[PDB]
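Novice:
There are 4 protein chains.
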Amino acid sequence: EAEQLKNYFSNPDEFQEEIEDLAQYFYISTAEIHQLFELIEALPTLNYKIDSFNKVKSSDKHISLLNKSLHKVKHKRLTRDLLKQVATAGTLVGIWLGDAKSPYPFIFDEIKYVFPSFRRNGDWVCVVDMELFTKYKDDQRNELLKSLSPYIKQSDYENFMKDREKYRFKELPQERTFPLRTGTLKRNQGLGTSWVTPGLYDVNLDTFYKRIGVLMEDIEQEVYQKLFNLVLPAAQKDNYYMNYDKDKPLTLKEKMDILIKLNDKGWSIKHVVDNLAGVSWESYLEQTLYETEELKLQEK
Amino acid sequence: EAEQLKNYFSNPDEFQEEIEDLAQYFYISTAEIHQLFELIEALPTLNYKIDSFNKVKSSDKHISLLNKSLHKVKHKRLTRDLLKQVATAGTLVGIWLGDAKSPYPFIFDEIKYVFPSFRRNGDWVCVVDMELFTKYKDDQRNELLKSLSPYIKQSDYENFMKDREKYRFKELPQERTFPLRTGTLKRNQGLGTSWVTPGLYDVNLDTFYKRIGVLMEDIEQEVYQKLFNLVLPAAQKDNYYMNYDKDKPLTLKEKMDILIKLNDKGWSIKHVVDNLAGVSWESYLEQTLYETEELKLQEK
Amino acid sequence: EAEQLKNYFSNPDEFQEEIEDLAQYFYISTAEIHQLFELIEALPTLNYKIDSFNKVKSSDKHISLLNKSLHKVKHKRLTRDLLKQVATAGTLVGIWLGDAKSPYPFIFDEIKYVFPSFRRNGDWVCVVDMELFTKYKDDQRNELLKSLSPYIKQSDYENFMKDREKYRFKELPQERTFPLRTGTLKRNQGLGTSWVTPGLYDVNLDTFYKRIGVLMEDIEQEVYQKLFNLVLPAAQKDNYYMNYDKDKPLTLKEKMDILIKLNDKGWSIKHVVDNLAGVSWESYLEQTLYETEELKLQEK
Amino acid sequence: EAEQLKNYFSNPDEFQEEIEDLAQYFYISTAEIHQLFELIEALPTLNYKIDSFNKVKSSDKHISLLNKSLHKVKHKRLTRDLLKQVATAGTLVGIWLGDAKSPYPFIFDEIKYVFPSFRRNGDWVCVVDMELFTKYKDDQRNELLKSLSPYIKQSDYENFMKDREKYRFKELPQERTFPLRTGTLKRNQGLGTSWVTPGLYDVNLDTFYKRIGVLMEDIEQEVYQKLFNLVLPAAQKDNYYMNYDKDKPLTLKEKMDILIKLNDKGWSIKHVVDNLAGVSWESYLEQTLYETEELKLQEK
């Protein structure tokens, strides 16, 4: 029994299959790990902000475009899934597939065949192994290869079959792919580790907030930065950047005080009436105009 | 005994029937799970806000229309049912059936025959298996098929009977169907899991708030966004979006303070006297007018 | 012994008679369930509001009419009875019998013969079985059938007797009937369950408030919405809606502070003097006028 | 021993005699039930207010008339007796006997012969059984029948004796009789239950306040509403309504602050001096006038 765990810990970058199996098994057959993973996926409030390294003339247009493109992708769910999966396996390789104007994400599931391998220019490089395709159905294989058409093609698989030991690995574009990792001490370590390994043999809140803050920063600077680059013109590359909040936010009372303080002489009133439970904005304005325009209460 | 639970946990995506049976059984035969599900259905306040990514000239009309369309569907009950059900099974497939102007929802019961299967363009695709219809009564089968007339038709069932291994699956529209899921680690995992599995072998409040907040976000961006798209014209597609509140709201005292502060010199008084127990608005205004107009108390 | 409870929990939608019998028995023979049900009936304060999706020209008339029609039905007692009964059985079917102008409610007792059965247009449909009438006395049966004259008639019972297996079920109008249910996980589940089932084998306050809040919302949007539709003209259908308060209200001190703050320069004084123990309003005004008009104390 | 209690709980609507006997016995032979009943009769502060659904021209006259008619009946004692008796038996049937101008109440003591039986128009109907009169003395029987002259008459008893199985039940006018009940889960249940049944086998404060609040509301809308209708003209039927307070009132300090705040420039001074211990109002005014008029202290 013990020897199995010892061997698994001997090579955390090779015995990944068993680690994932036990992780998924104890996710449902135990509560501690279940609470761990739902805490990972839940604790973040995912309030975000996009800022710039320069103030261009037409900035507001870029801000609106970035907000819209962040909604279209529906980021919050993607961030939560990425956090849960990286915590599960310790490493992950995604990519933006759709066209530049309206990109859509794609998350590889098998790490044994797609992973980061080395670095160049200080940035990771991820190589897809073509052996992955030996198991997918012919129709499914053709569909997938059509999915990555401009980057990978059926010709690549045919060449691989021609010489399995020559074209066994293919590089992915830097501007799209993103590898995420966690649990690596060395900056030159490829495969991370899963958070289940420590407590596996057994079968604070601000500490976890700070632990997930680094993952949020990594997702900001690896995933959504490339999206901003894709959506915006070439001139505005790396000019804008997105940040998530890692600390506990200020509650409703202080927010309401700040908003009501702001309103005085000009600033928006809608968001003032907005945070009040009930008291819908349109009902508020309609009844107010009825009372001030029709009845003329203030004259009586 | 133990082997049965071990096997159930081995394949959470195949042994769903027994999991649902045990979930429903312990809902009534025990209090812990009953409290769990009542807490899921009860804790949310379901105070909501629809906002826009742009300020159109006729915005107020859209806001009023969306509020009305949210009431007609009577959303709160639907949201509570969806939460309880997805927690029960871990996955759910609904669809907007009625016409675009006045849609009405429909929730499938058998996950084994209707489920999400894969993704395209980054979005889930749900395929209805026609074997489902092999058990319904002929009259009931015809009625149900007439229910989904434009999307599914009796001709599809006839073709399925002609070749059971060719037309065994049918796709549903993206603008209408919505799959919801919970308990999936990998972004490419279809079937979630039920919250009963962890504590099954056995037979904080802010943590649950945050756990259910993600469910509210998912239901916002999956269910009601499509409704907004249906109700509003094409030009305003995905322009508006609705958000539910996940944190504990500010109590009545602060609400009253903000409202009375707002009233000064112009803003509505109806919502001021409204929150006072008793003291109905009409009685208040009527007696005030009686005292100031007829008796002229302030002149004496 | 245990087998009986196991069988009862096996089919909560079939063994309802025994469940209700045990519920009523332990209501009086034990204090826990008695406290439970008295808490359901007592905790709500039943302060209510009526608001509109539009501000019509003659709104005040509609507000007054709705308040009067809410009093005539004497809603509070009806709401408490409905809550207690639905908690007792888990389901309930009522209807508005009297004419539209001054309707009066009617609550069926036998769920086994009157229940919701299926859905159409997203709304439940309740079917009355005619076998119910096989037990009532001929005079009583005729009286009851006269009660539901426009919707059900003696001709229906005669047809049922002609062919017991053809006219066995009858539909009720949507604008009048209302089914209420509780304890159902699946949105397509007809019969709820009683709150006694969990603790039956054995023989927080804000949690109960929130649990009863959902029932209050259900009664608001299912029971009294139809009443509002009946009383108001066709043009104002679904325009007005009623809401009960679910949280703990602000105490008397803050209420009096708000009222006195309001009174300044014009607003009603009657409710200010009203909430003071003793100090009847008419005595207050009469003595004030006596002192300021005859004695002229302020001149001495 | 146990079988007797089990049988009593089997038919709470039939074994009422023994329940009342044990209730009255343990009222004096035990302290718990004694505290229960004195708490019921004592806790309410019976501060009341009459409000209107409309503001008629001569409202003040109606307010004064209603206050006077509430004092003449000496409501507080009647309310306390009604609460104690309904708690004792679970049901009660009263009626207004005297003429409309100055009505006086009458509370039947036997429930086995006078009770509510069914409903019509949504309102309970109470039927007096004439068997009740078989025990009263001939002189006493004639006196009682003269008491209810316009409603019941000796002719009714003679007809009953003529055919005991035909005229065995007589209806009472709706505008006068009032049935009160408690302990009924079903809206179609006639006989309530006594509060002694739960703890009988054995031999918070805000919870009891809320429990008695519903009884106070029932007494308001069943007993005194009919009185208001009787006293006021036909045009003002159901226009006015009376409400008792169920929460703990604001203490003397806040009341005094509110009154002294009100007094400024015109409002009554008598109630200001009134709540001060000692310092009788007439002594206060007399000594004040002596000091300001005779001695002229303020000039010295």
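Chains as they are written, first to last, in the authors' numbering: chain A, 46 to 248, 369 to 465; chain B, 46 to 248, 369 to 465; chain C, 46 to 248, 369 to 465; chain D, 46 to 248, 369 to 465.
Note that beta-carbon positions come from the ideal geometry of N, C-alpha and C, so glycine has one too.
(1) Give me the Cα-Cα distance between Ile377 (chain A) and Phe160 (chain C), rounded to the nearest whole angstrom.
(2) Could you name the residues of chain B that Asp403 (chain D) contacts, counting a contact when the two beta carbons are closer than 9 Å?
(3) Can you find the residues in the same chain that come closer than 7 Å, C-beta to C-beta, to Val438 (chain D), ignoring five residues on each side of it along the sequence?
(4) Output the boundary residues of the alpha helix (DSSP H) element that contains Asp422 (chain D).
(5) Would the beta-carbon of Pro398 (chain C) fall within 9 Å of that of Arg221 (chain C)?
(6) Return yes when the Cβ of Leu142 (chain B) is within less than 9 Å of the Cβ of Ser192 (chain B), no when it is not.
(7) Could you work out which residues of chain D lie near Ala76 (chain C), taking near to mean beta carbons separated by less than 7 Å?
(8) Do the region 80–100 of chain B and the region 119–133 of chain B touch if we need at least three Cβ pairs shorter than 8 Å?
(9) If contacts are defined as beta-carbon pairs under 8 Å, then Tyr93 (chain C) and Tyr409 (chain C) qualify, I think. What distance do you get, rounded to the angstrom?
(10) Strictly below 7 Å CB to CB, what residues from chain A border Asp96 (chain C)?
(11) Using a Cβ-Cβ distance cut-off of 9 Å, determine whether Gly143 (chain B) contacts chain D.
(12) Just tell me which of B:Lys113, B:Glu155, B:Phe163, B:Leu67 has its CA closest to the CA of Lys146 (chain B).
(13) Return the chain-ordered ranges of every beta strand (DSSP E) run that is complete within the region 59–106 of chain D and spans a minimum of 3 residues.
(14) Can you pull the DSSP bridge partners for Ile140 (chain A)?
(15) Please name the residue in D:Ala87, D:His107, D:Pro89 whose C-alpha comes closest to that of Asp96 (chain D).
(16) Within 10 angstroms of the Cβ of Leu415 (chain A), are there 16 or more other Cβ atoms? Answer buried if so, exposed if not.
(17) Under a three-way DSSP split, which group does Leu127 (chain D) fall into?
(18) Who are the Cβ neighbours of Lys430 (chain B) in its own chain at under 7 Å, not counting the five residues just before and after it?
(19) Can you round the beta-carbon distance between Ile156 (chain B) and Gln386 (chain B) to whole angstroms, since I take them to be within the 8 Å contact cut?
(20) Assuming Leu236 (chain B) and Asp58 (chain B) form a contact by the criterion Cβ under 8 Å, report the distance between their Cβ atoms to the nearest whole angstrom.
(21) Classify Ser162 (chain C) as helix, strand or coil using the three-state DSSP reduction.
(22) Closest to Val172 (chain A) by C-alpha separation, out of A:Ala442, A:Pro195, A:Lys215, would be which residue?
(23) Since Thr453 (chain A) meets chain B, which of its residues come closer than 8 Å, beta carbon to beta carbon?
(24) Buried or exposed: where does residue 358 (chain C) fall if 16 or more other Cβ atoms within 10 Å of its Cβ makes it buried?
(25) Going along the chain, which unbroken runs of the beta strand (DSSP E) with 3 or more residues stay wholly within the region 192–233 of chain B?
(26) Could you spell out where the beta strand (DSSP E) holding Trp169 (chain C) opens and where it closes?
(27) Kindly identify the DSSP beta-bridge partner or partners of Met407 (chain C).
(28) If I measure Cβ to Cβ from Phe151 (chain B) and keep anything under 6 Å in the same chain, skipping five residues before and after, which residues do I get?
(29) Does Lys180 (chain A) come within less than 9 Å of chain C when only Cβ atoms are used?
(30) Residues of chain B with CB closer than 7 Å to the CB of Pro150 (chain A), please, in chain order.
(31) Closer than 9 Å, CB to CB, is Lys465 (chain B) near chain D or not?
(32) Assuming the contact rule is C-beta atoms closer than 8 Å, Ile78 (chain D) and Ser239 (chain D) should be a hit. Round their C-beta distance to whole Å, please.
(33) Against chain C, which members of the region 116–128 of chain B pass a CB distance test of less than 9 Å?
(34) Does DSSP put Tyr455 (chain A) in a helix, in a strand, or in coil?
(35) Quick one: list the residues of chain C neighbouring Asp58 (chain D), beta-carbon separation under 7 Å, in chain order.
(36) Give a yes or no on whether 9 Å exceeds the smallest Cβ distance from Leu67 (chain C) to chain D.
Specialist: Here's the rundown:
(1) 51 Å
(2) By Cβ distance, chain B contributes nothing, its closest Cβ being about 15 Å from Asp403 (chain D), past 9 Å.
(3) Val444, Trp446, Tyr449
(4) 417–428
(5) no
(6) yes
(7) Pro243, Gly244
(8) yes
(9) 5 Å
(10) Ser448
(11) no
(12) B:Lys113
(13) 93–97
(14) A:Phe151
(15) D:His107
(16) exposed
(17) helix
(18) none
(19) Not confirmed; about 22 Å, so no contact.
(20) 4 Å
(21) strand
(22) A:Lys215
(23) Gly431, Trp432, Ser433
(24) Shown without residue 358 (chain C), the model has chain C running from 248 straight on to 369.
(25) 214–216, 223–226
(26) 168–174
(27) C:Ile95
(28) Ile140, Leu142
(29) no
(30) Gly167
(31) yes
(32) With a Cβ gap of about 10 Å, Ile78 (chain D) and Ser239 (chain D) do not count as contacting.
(33) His116, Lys117, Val118, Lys119, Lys121, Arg122, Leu123, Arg125, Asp126, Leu127
(34) helix
(35) Ordered by position in chain C, no residue passes the 7 Å Cβ test against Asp58 (chain D), which lies about 11 Å from the chain.
(36) no
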